[PDB]
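Residues in the sequence shown are numbered consecutively from 1, following the authors' numbering. For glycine and all other residues, C-beta sits at the position ideal for the given N, C-alpha and C.
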Amino acid sequence: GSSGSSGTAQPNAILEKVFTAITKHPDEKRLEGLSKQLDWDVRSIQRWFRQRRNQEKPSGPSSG
């Protein structure tokens, strides 16, 4: 619950929503919608996602 500055139409704040509130791996159809809010290219968006997951480490220990 980031409490500081209003950010509902933010470029990231939103991306973080469709990431968990919808799915960590959004499809083209989805990205298309973000293109507006984010104001980027359907391809520019993915870049944010692909990286998002990468940065976010998986849950649970790494055995094996």
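query	result
Among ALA21, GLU16, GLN37, nearest to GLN51 - alpha-carbon criterion	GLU16
Three-state secondary structure assigned by DSSP to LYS24	coil
Limits of the unbroken alpha helix (DSSP H) element including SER44	42-55
Residue burial classification, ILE22 (beta-carbon count within 10 angstroms, cutoff 16)	exposed
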